[PDB]
J.: 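Can you read through this structure? Questions will come right after.
Chain identifiers are assigned alphabetically (A, B, ...) following the order of the sequence lines, protein sequences preceding nucleic acid strands; residue numbering begins at 1 within each chain.
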Amino acid sequence: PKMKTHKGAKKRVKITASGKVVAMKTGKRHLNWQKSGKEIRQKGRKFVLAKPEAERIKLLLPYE
Amino acid sequence: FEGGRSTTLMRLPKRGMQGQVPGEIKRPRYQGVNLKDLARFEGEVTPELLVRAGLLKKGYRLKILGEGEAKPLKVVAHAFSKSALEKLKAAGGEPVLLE
Amino acid sequence: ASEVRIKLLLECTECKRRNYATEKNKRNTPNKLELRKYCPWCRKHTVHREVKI
RNA sequence: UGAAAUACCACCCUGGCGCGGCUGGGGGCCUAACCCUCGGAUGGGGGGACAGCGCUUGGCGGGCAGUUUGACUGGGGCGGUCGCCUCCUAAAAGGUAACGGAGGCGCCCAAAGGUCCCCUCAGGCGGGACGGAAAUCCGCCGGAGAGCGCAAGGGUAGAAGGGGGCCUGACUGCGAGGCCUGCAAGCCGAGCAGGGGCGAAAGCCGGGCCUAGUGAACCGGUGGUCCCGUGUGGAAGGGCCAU
RNA sequence: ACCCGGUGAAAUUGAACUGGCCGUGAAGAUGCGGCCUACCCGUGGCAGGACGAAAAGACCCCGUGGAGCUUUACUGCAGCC
RNA sequence: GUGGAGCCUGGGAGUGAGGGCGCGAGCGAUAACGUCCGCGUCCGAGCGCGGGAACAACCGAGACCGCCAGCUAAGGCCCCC
RNA sequence: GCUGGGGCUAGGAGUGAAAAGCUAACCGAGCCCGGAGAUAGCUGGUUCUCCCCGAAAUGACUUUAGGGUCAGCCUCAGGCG
RNA sequence: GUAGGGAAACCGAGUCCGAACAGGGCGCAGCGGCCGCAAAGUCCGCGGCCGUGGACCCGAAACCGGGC
RNA sequence: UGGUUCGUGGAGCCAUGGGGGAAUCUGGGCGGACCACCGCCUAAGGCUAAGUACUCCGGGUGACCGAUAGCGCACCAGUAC
RNA sequence: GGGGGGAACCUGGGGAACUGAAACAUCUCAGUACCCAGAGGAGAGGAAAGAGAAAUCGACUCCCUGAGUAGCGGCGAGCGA
Ligand SMILES: *C(=O)[C@H](CCSC)NC=O
Ligand SMILES: [Mg+2]
Ligand SMILES: [Mg+2]
Ligand SMILES: [Mg+2]
Ligand SMILES: [Mg+2]
Ligand SMILES: [Mg+2]
Ligand SMILES: [Mg+2]
Ligand SMILES: [Mg+2]
Ligand SMILES: [Mg+2]
Ligand SMILES: [Mg+2]
Ligand SMILES: [Mg+2]
Ligand SMILES: [Mg+2]
Ligand SMILES: [Mg+2]
Ligand SMILES: [Mg+2]
Ligand SMILES: [Mg+2]
Ligand SMILES: [Mg+2]
Ligand SMILES: [Mg+2]
Ligand SMILES: [Mg+2]
Ligand SMILES: [Mg+2]
Ligand SMILES: [Mg+2]
Ligand SMILES: [Mg+2]
Ligand SMILES: [Mg+2]
Ligand SMILES: [Mg+2]
Ligand SMILES: [Mg+2]
Ligand SMILES: [Mg+2]
Ligand SMILES: [Mg+2]
Ligand SMILES: [Mg+2]
Ligand SMILES: [Mg+2]
Ligand SMILES: [Mg+2]
Ligand SMILES: [Mg+2]
Ligand SMILES: [Mg+2]
Ligand SMILES: [Mg+2]
Ligand SMILES: [Mg+2]
Ligand SMILES: [Mg+2]
Ligand SMILES: [Mg+2]
Ligand SMILES: [Mg+2]
Ligand SMILES: [Mg+2]
Ligand SMILES: [Mg+2]
Ligand SMILES: [Mg+2]
Ligand SMILES: [Mg+2]
Ligand SMILES: [Mg+2]
Ligand SMILES: [Mg+2]
Ligand SMILES: [Mg+2]
Ligand SMILES: [Mg+2]
Ligand SMILES: [Mg+2]
Ligand SMILES: [Mg+2]
Ligand SMILES: [Mg+2]
Ligand SMILES: [Mg+2]
Ligand SMILES: [Mg+2]
Ligand SMILES: [Mg+2]
Ligand SMILES: [Mg+2]
Ligand SMILES: [Mg+2]
Ligand SMILES: [Mg+2]
Ligand SMILES: [Mg+2]
Ligand SMILES: [Mg+2]
Ligand SMILES: [Mg+2]
Ligand SMILES: [Mg+2]
Ligand SMILES: [Mg+2]
Ligand SMILES: [Mg+2]
Ligand SMILES: [Mg+2]
Ligand SMILES: [Mg+2]
Ligand SMILES: [Mg+2]
Ligand SMILES: [Mg+2]
Ligand SMILES: [Mg+2]
Ligand SMILES: [Mg+2]
Ligand SMILES: [Mg+2]
Ligand SMILES: [Mg+2]
Ligand SMILES: [Mg+2]
Ligand SMILES: [Mg+2]
Ligand SMILES: [Mg+2]
Ligand SMILES: [Mg+2]
Ligand SMILES: [Mg+2]
Ligand SMILES: [Mg+2]
Ligand SMILES: [Mg+2]
Ligand SMILES: [Mg+2]
Ligand SMILES: [Mg+2]
Ligand SMILES: [Mg+2]
Ligand SMILES: [Mg+2]
Ligand SMILES: [Mg+2]
Ligand SMILES: [Mg+2]
Ligand SMILES: [Mg+2]
Ligand SMILES: [Mg+2]
Ligand SMILES: [Mg+2]
Ligand SMILES: [Mg+2]
Ligand SMILES: [Mg+2]
Ligand SMILES: [Mg+2]
Ligand SMILES: [Mg+2]
Ligand SMILES: [Mg+2]
Ligand SMILES: [Mg+2]
Ligand SMILES: [Mg+2]
Ligand SMILES: [Mg+2]
Ligand SMILES: [Mg+2]
Ligand SMILES: [Mg+2]
Ligand SMILES: [Mg+2]
Ligand SMILES: [Mg+2]
Ligand SMILES: [Mg+2]
Ligand SMILES: [Mg+2]
Ligand SMILES: [Mg+2]
Ligand SMILES: [Mg+2]
Ligand SMILES: [Mg+2]
Ligand SMILES: [Mg+2]
Ligand SMILES: [Mg+2]
Ligand SMILES: [Mg+2]
Ligand SMILES: [Mg+2]
Ligand SMILES: [Mg+2]
Ligand SMILES: [Mg+2]
Ligand SMILES: [Mg+2]
Ligand SMILES: [Mg+2]
Ligand SMILES: [Mg+2]
Ligand SMILES: [Mg+2]
Ligand SMILES: [Mg+2]
Ligand SMILES: [Mg+2]
Ligand SMILES: [Mg+2]
Ligand SMILES: [Mg+2]
Ligand SMILES: [Mg+2]
Ligand SMILES: [Mg+2]
Ligand SMILES: [Mg+2]
Ligand SMILES: [Mg+2]
Ligand SMILES: [Mg+2]
Ligand SMILES: [Mg+2]
Ligand SMILES: [Mg+2]
Ligand SMILES: [Mg+2]
Ligand SMILES: [Mg+2]
Ligand SMILES: [Mg+2]
Ligand SMILES: [Mg+2]
Ligand SMILES: [Mg+2]
Ligand SMILES: [Mg+2]
Ligand SMILES: [Mg+2]
Ligand SMILES: [Mg+2]
Ligand SMILES: [Mg+2]
Ligand SMILES: [Mg+2]
Ligand SMILES: [Mg+2]
Ligand SMILES: [Mg+2]
Ligand SMILES: [Mg+2]
Ligand SMILES: [Mg+2]
Ligand SMILES: [Mg+2]
Ligand SMILES: [Mg+2]
Ligand SMILES: [Mg+2]
Ligand SMILES: [Mg+2]
Ligand SMILES: [Mg+2]
Ligand SMILES: [Mg+2]
Ligand SMILES: [Mg+2]
Ligand SMILES: [Mg+2]
Ligand SMILES: [Mg+2]
Ligand SMILES: [Mg+2]
Ligand SMILES: [Mg+2]
Ligand SMILES: [Mg+2]
Ligand SMILES: [Mg+2]
Ligand SMILES: [Mg+2]
Ligand SMILES: [Mg+2]
Ligand SMILES: [Mg+2]
Ligand SMILES: [Mg+2]
Ligand SMILES: [Mg+2]
Ligand SMILES: [Mg+2]
Ligand SMILES: [Mg+2]
Ligand SMILES: [Mg+2]
Ligand SMILES: [Mg+2]
Ligand SMILES: [Mg+2]
Ligand SMILES: [Mg+2]
Ligand SMILES: [Mg+2]
Ligand SMILES: [Mg+2]
Ligand SMILES: [Mg+2]
Ligand SMILES: [Mg+2]
Ligand SMILES: [Mg+2]
Ligand SMILES: [Mg+2]
Ligand SMILES: [Mg+2]
Ligand SMILES: [Mg+2]
Ligand SMILES: [Mg+2]
Ligand SMILES: [Mg+2]
Ligand SMILES: [Mg+2]
Ligand SMILES: [Mg+2]
Ligand SMILES: [Mg+2]
Ligand SMILES: [Mg+2]
Ligand SMILES: [Mg+2]
Ligand SMILES: [Mg+2]
Ligand SMILES: [Mg+2]
Ligand SMILES: [Mg+2]
Ligand SMILES: [Mg+2]
Ligand SMILES: [Mg+2]
Ligand SMILES: [Mg+2]
Ligand SMILES: [Mg+2]
Ligand SMILES: [Mg+2]
Ligand SMILES: [Mg+2]
Ligand SMILES: [Mg+2]
Ligand SMILES: [Mg+2]
Ligand SMILES: [Mg+2]
Ligand SMILES: [Mg+2]
Ligand SMILES: [Mg+2]
Ligand SMILES: [Mg+2]
Ligand SMILES: [Mg+2]
Ligand SMILES: [Mg+2]
Ligand SMILES: [Mg+2]
Ligand SMILES: [Mg+2]
Ligand SMILES: [Mg+2]
Ligand SMILES: [Mg+2]
Ligand SMILES: [Mg+2]
Ligand SMILES: [Mg+2]
Ligand SMILES: [Mg+2]
Ligand SMILES: [Mg+2]
Ligand SMILES: [Mg+2]
Ligand SMILES: [Mg+2]
Ligand SMILES: [Mg+2]
Ligand SMILES: [Mg+2]
Ligand SMILES: [Mg+2]
Ligand SMILES: [Mg+2]
Ligand SMILES: [Mg+2]
Ligand SMILES: [Mg+2]
Ligand SMILES: [Mg+2]
Ligand SMILES: [Mg+2]
Ligand SMILES: [Mg+2]
Ligand SMILES: [Mg+2]
Ligand SMILES: [Mg+2]
Ligand SMILES: [Mg+2]
Ligand SMILES: [Mg+2]
Ligand SMILES: [Mg+2]
Ligand SMILES: [Mg+2]
Ligand SMILES: [Mg+2]
Ligand SMILES: [Mg+2]
Ligand SMILES: [Mg+2]
Ligand SMILES: [Mg+2]
Ligand SMILES: [Mg+2]
Ligand SMILES: [Mg+2]
Ligand SMILES: [Mg+2]
Ligand SMILES: [Mg+2]
Ligand SMILES: [Mg+2]
Ligand SMILES: [Mg+2]
Ligand SMILES: [Mg+2]
Ligand SMILES: [Mg+2]
Ligand SMILES: [Mg+2]
Ligand SMILES: [Mg+2]
Ligand SMILES: [Mg+2]
Ligand SMILES: [Mg+2]
Ligand SMILES: [Mg+2]
Ligand SMILES: [Mg+2]
Ligand SMILES: [Mg+2]
Ligand SMILES: [Mg+2]
Ligand SMILES: [Mg+2]
Ligand SMILES: [Mg+2]
Ligand SMILES: [Mg+2]
Ligand SMILES: [Mg+2]
Ligand SMILES: [Mg+2]
Ligand SMILES: [Mg+2]
Ligand SMILES: [Mg+2]
Ligand SMILES: [Mg+2]
Ligand SMILES: [Mg+2]
Ligand SMILES: [Mg+2]
Ligand SMILES: [Mg+2]
Ligand SMILES: [Mg+2]
Ligand SMILES: [Mg+2]
Ligand SMILES: [Mg+2]
Ligand SMILES: [Mg+2]
Ligand SMILES: [Mg+2]
Ligand SMILES: [Mg+2]
Ligand SMILES: [Mg+2]
Ligand SMILES: [Mg+2]
Ligand SMILES: [Mg+2]
Ligand SMILES: [Mg+2]
Ligand SMILES: [Mg+2]
Ligand SMILES: [Mg+2]
Ligand SMILES: [Mg+2]
Ligand SMILES: [Mg+2]
Ligand SMILES: [Mg+2]
Ligand SMILES: [Mg+2]
Ligand SMILES: [Mg+2]
Ligand SMILES: [Mg+2]
Ligand SMILES: [Mg+2]
Ligand SMILES: [Mg+2]
Ligand SMILES: [Mg+2]
Ligand SMILES: [Mg+2]
Ligand SMILES: [Mg+2]
Ligand SMILES: [Mg+2]
Ligand SMILES: [Mg+2]
Ligand SMILES: [Mg+2]
Ligand SMILES: [Mg+2]
Ligand SMILES: [Mg+2]
Ligand SMILES: [Mg+2]
Ligand SMILES: [Mg+2]
Ligand SMILES: [Mg+2]
Ligand SMILES: [Mg+2]
Ligand SMILES: [Mg+2]
Ligand SMILES: [Mg+2]
Ligand SMILES: [Zn+2]
């Protein structure tokens, strides 16, 4: 039958208009007290998944 | 799957409202049509007409956006961008907001 | 960090918001920390005081 | 003479009982529910509102049930090991294995951080009360063999070492460009703005001479924000920022 | 058991025109090299070899395989309080 | 330097047990057809061909097909040859 | 004590002067049909022809180590030159 | 498919972070003579491969249900 | 406790084993905790064609099989054994 | 009047496990397999104490779509209006 959307990816990830995949930087969930402002600040942005991992994720989002 | 290790996906963090029961909040929705997509119309454009012509989708309110040049039309839309209001006004157009 | 070297927050003493996380050694520095720090809400340098993390 | 004047009145604090209310406990008896019994049964005897049984609470519980009980490995077990840092092995770029040779980390510092100003070591010989191999003082020599919190290595006095003054940049919002790299991470970073510290100024400052001092995501806590709020206003609950 | 008359199986079997030594070869060769030896075909016997047959090693290890069993492993359930 | 070179985007893989040799080291015993890395090579997949008596990886050499034609390579040229 | 006939107790159950013995010729959990084409990261097996190219047995991570994901290396199409 | 950015309210060829007119992330864009071809995109066919199913075929030891 | 997409979640709704236990429209249930406001509906009795499913049975038709195929059975087959 | 039978189909009462989660317990498989009761040519359902945002619709059943959406989820595998 039809493919089911992987909800774990749908909740972590966005397919941009040109077909890239963007996610939030890992590493600022906790243990932050001794991380510089530069580290906290830069981990607060979105990044672009490397191409091999982006193709696999996009396959899990067939009806976006 | 990645051979047993935590996967590339499951190591990225979740973000944003995911919702909860009883589900999606019913609220009005807007689709944007640009002035360029209006040059094929003479006289009066309405949500009815644009929904017919394959431009505007059913169950969506109509918002006029500003990409393109404005033609002196009587355009009846639920909403207008600032640029769409300037361009259409400064061209003999008749913006008719509504609800 | 340890049991004697604790983590802490600096709260802006004017608008009461915690702006910084840092550490001290509460055996060497028992007094609450007081440090002028730039507050992003007050948009000026302000006295900041140690509160509990 | 009082900290506190005494009569009466009053609202009350610590208690004490008398009545009334709702409550909850124990004890004694009863018989009629329920249970057992009686050749006799709308009855008699016994137990008795307990026991049994229903719903619910917590507990003991291999009697039984489903399962888990890691890997590397000169076979497996036993032993050892598992992430991170330094040196060697490593064949003068980078990288590079073995249960190869050696060590260390899982912290610490409110100054051991910023800046400005000033100072220069270890050791040796000679001189000097207590005073010594070595305390503090004087002279001469002494480029770094000292020191730099802790392993090692690199680095270093034309300071990163020692002292002092004022300070909190151990910033907020960003970040050109790179290093490294399968991913994800890790690392360095000029410059722009905000509001600052030091300096006459040039300028420096987004912790610490540097490389260990660490933990993705899920789940939840707390402080903000006031973004969503299931007919509507609220609220419950989420989101976002910080931790 | 053997010979003659009668009846007449079997496991096994890549095909075979299937010797010895000393070597070589995946390390124990009828089958490769070199040499030696050997006319063709059976019958009765013996078991050294064909790493002879049989049984996808029971030992051993491996599989995030199974099952029996145990307990102060985990988590439940009957039962009992 | 025009090569079954290179770069970019995308479709399809397979492989993730290697092994011998030479040189450089470690481990081992200046042992192993030992073990572990580094550079290279060959076998793997060239168990096709010549040489090395025989013989994956040593020497010679990269087999499109045919020829009762010629030159060479290693290695050979007394006989088996 | 042995024995005939007539009976009763069975699958996590019976029965057992106890061997995990026996319960219809293999019982640490009978047999039959069903769930069912269970699952098997294991072993085996996988069928016409010709032509071109042509690997890998490494790195990282992995309850991983004879299994995977990504990278490396092979191939094809389009592009660049 | 014709619009994206943002957790979202929302704005929109932009948008988000931000105090910013800062910087950055993610977005935005026909050849030849108005005729003609071509092109977003989309539909159908074909082919490779992937997901879900036993999913290349054969094979356990076992687990469970109902009976015998 | 079950049902629902809802696995305790902010957990309503529908159903109900246990305890407590109403009112008759100015009564009552619902709109996802709850409260207000605004609306929707009338529980605790019953029945009700059609459109839907299936194929023992009959017929029609196949880019369905053609005796190892097609049903297990073309045949005296759920038979022999 | 009932009883018993009927290939599948149907409703109700009960209700597994392998398996999947590359281990496993919540979760999955699945209210499936199977047992039982009952019904009929169908069976169930059915005339709002409905839906849910439209000042809207108007019994129930069945197909398409809405939609792998909303949501649910060791927020895992997956489940799914
Ligand atoms: C060792 O003695 C072994 C025993 C087999 S049965 C325990 N023999 C062969 O392997
Ligand atoms: Mg499905
Ligand atoms: Mg998720
Ligand atoms: Mg997103
Ligand atoms: Mg956070
Ligand atoms: Mg912390
Ligand atoms: Mg630090
Ligand atoms: Mg900082
Ligand atoms: Mg950083
Ligand atoms: Mg920030
Ligand atoms: Mg896709
Ligand atoms: Mg897809
Ligand atoms: Mg869609
Ligand atoms: Mg792991
Ligand atoms: Mg969503
Ligand atoms: Mg901080
Ligand atoms: Mg401190
Ligand atoms: Mg802010
Ligand atoms: Mg504190
Ligand atoms: Mg009494
Ligand atoms: Mg009594
Ligand atoms: Mg009496
Ligand atoms: Mg009595
Ligand atoms: Mg009495
Ligand atoms: Mg009596
Ligand atoms: Mg009596
Ligand atoms: Mg009595
Ligand atoms: Mg009682
Ligand atoms: Mg109770
Ligand atoms: Mg209990
Ligand atoms: Mg126990
Ligand atoms: Mg057990
Ligand atoms: Mg017990
Ligand atoms: Mg047992
Ligand atoms: Mg475990
Ligand atoms: Mg384990
Ligand atoms: Mg092991
Ligand atoms: Mg091993
Ligand atoms: Mg050993
Ligand atoms: Mg070894
Ligand atoms: Mg050995
Ligand atoms: Mg061995
Ligand atoms: Mg051990
Ligand atoms: Mg590891
Ligand atoms: Mg570590
Ligand atoms: Mg080197
Ligand atoms: Mg070195
Ligand atoms: Mg490099
Ligand atoms: Mg290796
Ligand atoms: Mg050393
Ligand atoms: Mg450490
Ligand atoms: Mg201080
Ligand atoms: Mg001296
Ligand atoms: Mg002296
Ligand atoms: Mg002295
Ligand atoms: Mg030194
Ligand atoms: Mg020291
Ligand atoms: Mg030390
Ligand atoms: Mg000082
Ligand atoms: Mg100072
Ligand atoms: Mg001052
Ligand atoms: Mg500050
Ligand atoms: Mg960069
Ligand atoms: Mg990277
Ligand atoms: Mg680091
Ligand atoms: Mg400035
Ligand atoms: Mg300044
Ligand atoms: Mg000044
Ligand atoms: Mg200045
Ligand atoms: Mg800077
Ligand atoms: Mg600094
Ligand atoms: Mg310093
Ligand atoms: Mg985390
Ligand atoms: Mg999880
Ligand atoms: Mg959370
Ligand atoms: Mg809060
Ligand atoms: Mg609001
Ligand atoms: Mg509301
Ligand atoms: Mg109000
Ligand atoms: Mg509001
Ligand atoms: Mg919140
Ligand atoms: Mg909040
Ligand atoms: Mg004779
Ligand atoms: Mg005869
Ligand atoms: Mg005969
Ligand atoms: Mg025979
Ligand atoms: Mg033959
Ligand atoms: Mg022959
Ligand atoms: Mg012969
Ligand atoms: Mg012979
Ligand atoms: Mg012979
Ligand atoms: Mg040998
Ligand atoms: Mg031999
Ligand atoms: Mg011979
Ligand atoms: Mg021969
Ligand atoms: Mg030969
Ligand atoms: Mg021969
Ligand atoms: Mg011979
Ligand atoms: Mg010979
Ligand atoms: Mg001889
Ligand atoms: Mg004879
Ligand atoms: Mg003979
Ligand atoms: Mg004989
Ligand atoms: Mg013999
Ligand atoms: Mg014999
Ligand atoms: Mg023999
Ligand atoms: Mg053999
Ligand atoms: Mg033998
Ligand atoms: Mg044999
Ligand atoms: Mg054999
Ligand atoms: Mg077998
Ligand atoms: Mg075997
Ligand atoms: Mg066997
Ligand atoms: Mg045994
Ligand atoms: Mg054994
Ligand atoms: Mg073994
Ligand atoms: Mg085993
Ligand atoms: Mg494994
Ligand atoms: Mg096992
Ligand atoms: Mg078991
Ligand atoms: Mg069992
Ligand atoms: Mg039970
Ligand atoms: Mg070319
Ligand atoms: Mg090539
Ligand atoms: Mg090529
Ligand atoms: Mg190539
Ligand atoms: Mg390429
Ligand atoms: Mg490519
Ligand atoms: Mg292909
Ligand atoms: Mg293929
Ligand atoms: Mg492979
Ligand atoms: Mg491997
Ligand atoms: Mg190797
Ligand atoms: Mg190789
Ligand atoms: Mg190896
Ligand atoms: Mg070798
Ligand atoms: Mg060899
Ligand atoms: Mg060698
Ligand atoms: Mg040589
Ligand atoms: Mg070495
Ligand atoms: Mg020797
Ligand atoms: Mg070897
Ligand atoms: Mg050797
Ligand atoms: Mg060696
Ligand atoms: Mg090699
Ligand atoms: Mg091979
Ligand atoms: Mg060759
Ligand atoms: Mg060869
Ligand atoms: Mg060969
Ligand atoms: Mg070969
Ligand atoms: Mg050969
Ligand atoms: Mg040959
Ligand atoms: Mg040769
Ligand atoms: Mg030869
Ligand atoms: Mg030779
Ligand atoms: Mg050879
Ligand atoms: Mg060679
Ligand atoms: Mg040579
Ligand atoms: Mg050739
Ligand atoms: Mg050629
Ligand atoms: Mg010649
Ligand atoms: Mg020559
Ligand atoms: Mg010769
Ligand atoms: Mg000769
Ligand atoms: Mg000869
Ligand atoms: Mg000869
Ligand atoms: Mg000759
Ligand atoms: Mg008897
Ligand atoms: Mg008898
Ligand atoms: Mg008998
Ligand atoms: Mg009998
Ligand atoms: Mg019995
Ligand atoms: Mg029985
Ligand atoms: Mg059993
Ligand atoms: Mg059974
Ligand atoms: Mg028993
Ligand atoms: Mg007996
Ligand atoms: Mg039997
Ligand atoms: Mg039998
Ligand atoms: Mg028996
Ligand atoms: Mg037995
Ligand atoms: Mg036995
Ligand atoms: Mg069993
Ligand atoms: Mg069993
Ligand atoms: Mg069995
Ligand atoms: Mg039996
Ligand atoms: Mg039987
Ligand atoms: Mg059956
Ligand atoms: Mg069945
Ligand atoms: Mg199944
Ligand atoms: Mg199957
Ligand atoms: Mg099977
Ligand atoms: Mg299994
Ligand atoms: Mg397997
Ligand atoms: Mg087989
Ligand atoms: Mg095969
Ligand atoms: Mg080709
Ligand atoms: Mg080729
Ligand atoms: Mg390997
Ligand atoms: Mg490789
Ligand atoms: Mg490897
Ligand atoms: Mg393993
Ligand atoms: Mg292994
Ligand atoms: Mg293993
Ligand atoms: Mg094998
Ligand atoms: Mg395997
Ligand atoms: Mg691959
Ligand atoms: Mg290449
Ligand atoms: Mg490619
Ligand atoms: Mg090309
Ligand atoms: Mg969006
Ligand atoms: Mg803002
Ligand atoms: Mg901007
Ligand atoms: Mg921008
Ligand atoms: Mg841009
Ligand atoms: Mg087309
Ligand atoms: Mg594919
Ligand atoms: Mg299937
Ligand atoms: Mg299968
Ligand atoms: Mg398939
Ligand atoms: Mg089981
Ligand atoms: Mg089991
Ligand atoms: Mg049974
Ligand atoms: Mg029976
Ligand atoms: Mg519920
Ligand atoms: Mg449910
Ligand atoms: Mg539930
Ligand atoms: Mg609910
Ligand atoms: Mg309500
Ligand atoms: Mg209710
Ligand atoms: Mg009830
Ligand atoms: Mg009313
Ligand atoms: Mg009322
Ligand atoms: Mg109700
Ligand atoms: Mg309602
Ligand atoms: Mg509501
Ligand atoms: Mg209603
Ligand atoms: Mg009604
Ligand atoms: Mg009703
Ligand atoms: Mg009816
Ligand atoms: Mg009907
Ligand atoms: Mg049908
Ligand atoms: Mg028919
Ligand atoms: Mg017919
Ligand atoms: Mg035919
Ligand atoms: Mg026949
Ligand atoms: Mg037949
Ligand atoms: Mg025939
Ligand atoms: Mg046939
Ligand atoms: Mg038939
Ligand atoms: Mg047949
Ligand atoms: Mg028939
Ligand atoms: Mg017959
Ligand atoms: Mg009956
Ligand atoms: Mg009937
Ligand atoms: Mg049914
Ligand atoms: Mg049912
Ligand atoms: Mg049922
Ligand atoms: Mg059961
Ligand atoms: Mg299960
Ligand atoms: Mg299981
Ligand atoms: Mg499955
Ligand atoms: Mg599993
Ligand atoms: Mg599995
Ligand atoms: Mg298992
Ligand atoms: Mg399971
Ligand atoms: Mg479950
Ligand atoms: Mg299933
Ligand atoms: Mg279920
Ligand atoms: Mg009908
Ligand atoms: Mg009907
Ligand atoms: Mg009515
Ligand atoms: Mg309706
Ligand atoms: Mg109406
Ligand atoms: Mg009505
Ligand atoms: Mg849609
Ligand atoms: Mg599921
Ligand atoms: Mg669900
Ligand atoms: Mg569910
Ligand atoms: Mg379900
Ligand atoms: Mg439903
Ligand atoms: Zn403030």
Side-chain angles (χ1 to χ4, degrees), chain A residues 1-8 11-12 14 16-18 20 22-34 36-38 40-42 44-53 55-56 59-60 62-63, chain B residues 1-27 30-34 36-37 54-57 59 63 65-68 79 81-84, chain C residues 1-2 4-5 7-11 15-25 28-29 31 33-46 48 51-53:
Chain A
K2 52 188 172 173
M3 303 217 288
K4 300 189 161 173
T5 304
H6 187 272
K7 296 322 179 87
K11 294 173 185 174
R12 290 167 166 91
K14 191 187 191 182
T16 72
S18 72
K20 307 179 181 111
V22 291
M24 298 300 308
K25 305 291 302 182
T26 58
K28 52 178 289 248
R29 280 299 200 237
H30 65 158
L31 301 163
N32 290 359
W33 94 94
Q34 66 180 0
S36 56
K38 162 190 180 190
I40 291 301
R41 203 177 303 113
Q42 291 174 354
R45 294 192 25 239
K46 302 181 166 181
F47 75 116
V48 176
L49 273 165
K51 200 163 61 175
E53 308 303 325
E55 300 167 340
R56 304 171 70 215
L59 293 184
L60 302 162
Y63 318 92
Chain B
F1 190 72
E2 287 179 18
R5 67 184 187 214
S6 37
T7 72
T8 305
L9 182 56
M10 292 308 157
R11 296 164 84 267
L12 307 171
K14 292 173 68 184
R15 148 169 280 249
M17 281 171 289
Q18 306 307 350
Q20 55 283 323
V21 297
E24 187 165 64
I25 287 98
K26 191 161 196 313
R27 67 171 43 88
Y30 295 86
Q31 177 187 324
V33 190
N34 292 282
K36 44 186 277 313
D37 296 357
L55 299 171
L56 172 64
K57 297 219 212 242
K63 187 175 177 185
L65 301 177
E67 185 90 313
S81 49
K82 303 181 279 288
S83 28
Chain C
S2 63
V4 54
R5 169 155 294 272
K7 314 164 196 190
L8 62 108
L9 309 189
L10 295 184
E11 182 194 8
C15 72
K16 296 279 292 173
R17 298 195 182 86
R18 292 82 138 84
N19 288 325
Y20 298 94
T22 200
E23 59 178 75
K24 79 169 179 183
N25 182 297
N28 315 334
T29 304
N31 289 334
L33 294 189
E34 309 200 27
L35 293 183
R36 285 182 72 258
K37 315 279 303 178
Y38 181 84
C39 175
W41 309 89
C42 300
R43 272 169 60 66
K44 69 197 265 229
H45 271 76
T46 229
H48 284 68
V51 291
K52 186 158 136 295
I53 206 151

J.: Establish whether the base of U69(G) is bridged to the side chain of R5(B) by a donor-acceptor pair shorter than 3.5 Å.
T.: yes
J.: Would you mind checking if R11(B) and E53(A) are paired as a salt bridge, meaning a charged N to carboxylate O distance below 4.0 Å?
T.: no
J.: List every contact pair, protein side and nucleotides 223-226 of chain D side both N or O, where the distance is under 3.5 Å.
T.:
| from | atom 1 | to | atom 2 | distance (Å) |
| --- | --- | --- | --- | --- |
| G223(D) | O2' | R18(C) | NE | 3.3 |
| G224(D) | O3' | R17(C) | NE | 3.2 |
| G224(D) | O2' | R17(C) | NE | 3.3 |
| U225(D) | OP1 | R17(C) | NH2 | 2.9 |

J.: Hey, which of these two, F1(B) or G23(B), hits RNA chain J nearer its 5' end, going by closest nucleotide?
T.: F1(B)
J.: Return yes if the base of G189(D) and the side-chain atoms of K38(A) contain a donor-acceptor N/O pair under 3.5 Å, otherwise no.
T.: yes
J.: Which residue, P22(B) or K14(B), contacts RNA chain J at a nucleotide closer to its 5' end, judged by nearest heavy atom?
T.: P22(B)
J.: In terms of base orientation, is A41(D) syn or anti, with the syn window spanning 90° either side of 0?
T.: syn
J.: Could you tell me whether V48(A) contacts a base, only the sugar-phosphate backbone, or nothing, with contacts defined as non-hydrogen atoms closer than 4.0 Å?
T.: sugar-phosphate
J.: Determine whether any donor atom in the side chain of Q20(B) lies under 3.5 Å from an acceptor atom in the base of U230(D), or the reverse, and answer yes or no.
T.: yes
J.: Taking syn as within 90° of 0 and anti otherwise, name the glycosidic form of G62(D).
T.: syn
J.: For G2(I), give the paired nucleotide (Watson-Crick: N1-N3 plus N6-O4 or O6-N4; G-U: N1-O2 and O6-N3; both under 3.5 Å), or none.
T.: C14(I)
J.: With syn defined as a glycosidic angle within 90° of 0 and anti as the rest, where does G143(D) land?
T.: syn
J.: What nitrogen or oxygen pairs link the protein and nucleotides 11-17 of chain H at under 3.5 Å?
T.:
| from | atom 1 | to | atom 2 | distance (Å) |
| --- | --- | --- | --- | --- |
| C11(H) | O3' | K82(B) | NZ | 3.1 |
| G12(H) | OP1 | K82(B) | N | 3.1 |
| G12(H) | OP1 | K82(B) | NZ | 2.7 |
| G12(H) | OP2 | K63(B) | NZ | 3.1 |
| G12(H) | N7 | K63(B) | NZ | 2.9 |
| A13(H) | OP1 | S83(B) | OG | 2.2 |
| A13(H) | OP2 | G66(B) | N | 3.0 |
| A13(H) | OP2 | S81(B) | OG | 2.8 |
| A13(H) | OP2 | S83(B) | OG | 3.3 |

